[PDB]
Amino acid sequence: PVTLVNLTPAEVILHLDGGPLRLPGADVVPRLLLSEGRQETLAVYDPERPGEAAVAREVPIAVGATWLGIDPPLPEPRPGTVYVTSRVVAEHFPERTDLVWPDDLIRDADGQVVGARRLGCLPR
């Protein structure tokens, strides 16, 4: 058996047949490193006032912000440890066979992710 270590900032709950398995969120919020891309503004109608250009909002948009890396970097592989991260992180480290993501997600009444029915990992 392996120890699961949650690198994601939210609590991860795996809904298993005998009851849930709960992994606490990481102590520090991790981040992706992205380029700025081309910084523009998108004029959007205020959903409160549809079709009224007079009271349209200016929304910042990053056009083509690109993956530069992650901060912090992945922890080194440790015997008997499997790291729970995001799929997007795992896909950027395909050599790592100790990375999984929560998968087959469960959402609440507000459409927010609250759990997962399984883990996923890259082809091996």
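For every residue, the number given is its place in the sequence shown, counted from 1.
- Comparing 11-19 with 101-109, the higher mean C-alpha B-factor in the PDB entry belongs to 11-19.
- Look at the C-alpha B-factors of 68-76 and of 81-89. On average they run higher in 68-76.
- Ranked against the other modelled residues of its chain, the C-alpha B-factor of residue 2 as given in the entry falls in the highest third.
- Compared with the other modelled residues of the chain, the Cα B-factor recorded for residue 55 ranks in the highest third.
- Per-chain ranking of the deposited C-alpha B factor places residue 26 in the middle third.
- Ranked against the other modelled residues of its chain, the C-alpha B-factor of residue 33 as given in the entry falls in the lowest third.
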